[PDB]
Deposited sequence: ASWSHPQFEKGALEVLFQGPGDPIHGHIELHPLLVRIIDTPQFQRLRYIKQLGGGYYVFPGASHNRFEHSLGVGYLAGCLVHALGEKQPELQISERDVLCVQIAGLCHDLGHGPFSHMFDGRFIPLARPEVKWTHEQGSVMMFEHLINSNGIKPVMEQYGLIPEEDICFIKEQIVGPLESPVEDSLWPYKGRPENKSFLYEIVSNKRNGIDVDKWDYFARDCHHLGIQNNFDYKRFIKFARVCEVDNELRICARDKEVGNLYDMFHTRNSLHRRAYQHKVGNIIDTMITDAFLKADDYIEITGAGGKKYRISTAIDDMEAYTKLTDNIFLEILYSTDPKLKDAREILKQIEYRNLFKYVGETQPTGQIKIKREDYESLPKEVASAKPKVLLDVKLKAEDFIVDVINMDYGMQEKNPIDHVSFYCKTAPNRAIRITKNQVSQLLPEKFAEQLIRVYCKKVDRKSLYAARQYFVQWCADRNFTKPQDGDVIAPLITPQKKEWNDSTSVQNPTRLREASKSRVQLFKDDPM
């Protein structure tokens, strides 16, 4: 019977539904989960809204199961609701086309500002419960707004000696359910592994239900962690194999990421000329709407069509790129390298990379920085019990004589930067 294709019919707590039936939350119906993936995989039409519901539901399943199996952990009806709301809201902060936006646009548009989508999820959440008087409703259901709002934000963004103020250290395991940076395993990934496979037509053999059934809390170096039964390791292999498959075959897809950087090139050439209306009446730009949640609420995938359909001559440059995509005259792939050693090209350095490439004296045609797009692309210690970064360059010039030239600058840049030699 018609429900979520992955979790089926989920029924939620009235508090959870209050949070959902909200414009700050509904906002997620208009954010492609895999962003520019849609333009390469027809199946991938899902948005963060469904995903978010998934993670909320899954967060609850796990906490509630840990509770039943181990009453000694003293997991409360309150603790559960909090974890659910955290899973529910962890993605509130995603901007147009998901990771493309905090990952590439903002660092190109505003290199000085450190902005992450989780920061945004925390502001967006605060603004959500403020603009909808959710606080009186939390109190109604046994929540302590002061202590718990802290707890919720904390499990979304980490700490804002024992770092956290939302829960004591003896309930530390609750901080590994929605976001687990250490062991990679959280209910967040479980959901999006399941649906990215479901829409990409990829085999997914991980069984989170089985995993949840056999999960437990236990001491690991005098610290409480979520462990998995040893006889559950074959299921864990099946997960990581899926993670590796979604990555190798979809998230790193050659043309898929090319398109992503074109869409970003469109937004940039349009940033000056699109006004988003914020609090008070004040107007913001795409890149700057992150400064006010009133406006950010209205910054979704819509912005793409707003440019596409525009008639403004100021926006002709942007329109033309978005029109490149419909026709499929994409930027041309020039090659791939990765940094040897430890170093990762830092986000603040993105804006300058094309200036660098274009300045590389190779050992016919001259190319300028405007002709190069370079995008940086980034991404077994689990506990049991018994009963990196790759750089691709594209060229905006599509003629044979220019690509040969572009490859020449690229190979040299890798040379005098000490990145791995590209493959012919």
Review point. Unmodelled stretches of the deposited sequence, numbered from 1?
Key: 1-18, 179-185, 389-391, 408-417, 426-448, 486-528
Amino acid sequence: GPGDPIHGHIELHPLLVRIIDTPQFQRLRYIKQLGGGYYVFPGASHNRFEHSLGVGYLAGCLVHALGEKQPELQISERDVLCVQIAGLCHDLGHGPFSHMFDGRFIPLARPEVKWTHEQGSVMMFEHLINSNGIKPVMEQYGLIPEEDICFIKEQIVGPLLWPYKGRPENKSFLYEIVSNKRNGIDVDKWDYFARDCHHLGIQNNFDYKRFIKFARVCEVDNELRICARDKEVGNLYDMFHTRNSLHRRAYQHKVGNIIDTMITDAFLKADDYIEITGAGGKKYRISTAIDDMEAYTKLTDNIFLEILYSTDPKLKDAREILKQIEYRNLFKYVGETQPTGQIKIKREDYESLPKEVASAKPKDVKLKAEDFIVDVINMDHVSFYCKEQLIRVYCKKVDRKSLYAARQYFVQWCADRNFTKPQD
From here on, numbers count along this sequence of modelled residues.
Practice item. With reference to the PDB entry, specify whether the mean Cα temperature factor is higher for 192-200 or for 334-342. Key: 334-342
Point to revise | Per the entry, higher mean C-alpha B factor between 88-96 and 202-210 | key: 202-210
**Study point:** Candidate residues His117, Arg347, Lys314, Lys165, the one whose C-alpha B factor the record puts highest
**Key:** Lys314
Check your understanding: Of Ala318, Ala289, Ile156, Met239, which one's C-alpha B factor is largest in the deposited record?
Key -> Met239
Practice item. Quick one: classify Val365 as lowest, middle or highest third of the chain based on its Cα B-factor. Key: highest
**Study point:** Third of the chain's Cα B-factor distribution that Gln70 belongs to, per the entry
**Key:** middle
**Study point:** Third of the chain's Cα B-factor distribution that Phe410 belongs to, per the entry
**Key:** middle
Review point. According to the PDB entry, is the CA B factor of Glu275 in the bottom, middle or top third of its chain, that is, lowest, middle or highest?
Key: highest
Revision key, fill the gap. Assert third(CA B-factor, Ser359) within chain per record equals highest
